[PDB]
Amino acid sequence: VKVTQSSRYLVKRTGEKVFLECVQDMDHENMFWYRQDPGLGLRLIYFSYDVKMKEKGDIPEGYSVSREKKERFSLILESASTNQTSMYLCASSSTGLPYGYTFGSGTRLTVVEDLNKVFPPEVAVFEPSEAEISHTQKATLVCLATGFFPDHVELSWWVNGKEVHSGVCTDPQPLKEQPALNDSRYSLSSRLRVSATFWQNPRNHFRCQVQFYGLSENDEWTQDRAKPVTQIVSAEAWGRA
């Protein structure tokens, strides 16, 4: 009982023809493609009620659709613009089973009009203020991830190689490093707070983990910098005394 989309993010160029896949292991007859945009909820592009079948949803314009096999539903953007910049979401269901919709996990698509603009983040960690340690007997580390485009990052924290949820806050949206340029690079901060006892034990390891998503193996690149592929940039600090 799962639905999996081929990609989790992609970057693509204005005008390019685009292909997302969606597969399900439940033998479901019904498959649906939506997009989700802020303020507009989920809107149905195309659905399919059997193998070889399709039907237009509410916003079919610009999109195409293929149900070749029962288990799979391809969505094709004819010519990429930044009106198709969005989050895409596949779902399936059965006709007789009473269970409703199972959703995939989505694929984020961003369409840019030039591919030499995509950068990974670099990631610095800033150790607490002693002033804070003194006043509060708590300690806050800050992680910056900077110089990334497009806005595709997943920031995590690890304490002694074990992901931590408690004591974390990451900005829900990023600020623009150059907020005039149409497609400026982005920056995003995050905070990890622990007790000063914890910060002040030299055995403890703290790692800011950042996974970024840019270019696949396939994409052409003959620029001077490292091909800005999907990757994990981390940063590191130890306990102090």
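The term rigid core refers to the most C-alpha atoms you can superpose between the two forms while keeping them within 1.5 Å. One rule holds for the numbers: they count along the sequence shown, beginning at 1.
For the pair 108-116 and 134-142, greater average C-alpha departure from the shown form in 5 other deposited structures of this protein after core alignment is found in 108-116. If you average the C-alpha B-factors over 96-104 and over 118-126, the higher value belongs to 118-126. The stretch with the higher mean CA B factor, choosing between 169-177 and 26-34, is 169-177.
Ranked by Cα temperature factor within the chain, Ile76 sits in the middle third according to the deposited record. Remark: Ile45 belongs to the lowest third of its chain, ranked by C-alpha B-factor as recorded. Sort the modelled residues of the chain by CA B factor and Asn83 lands in the lowest third. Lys70 sits in the middle third of its chain by CA B factor, as recorded in the PDB entry. Sort the modelled residues of the chain by CA B factor and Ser190 lands in the lowest third.
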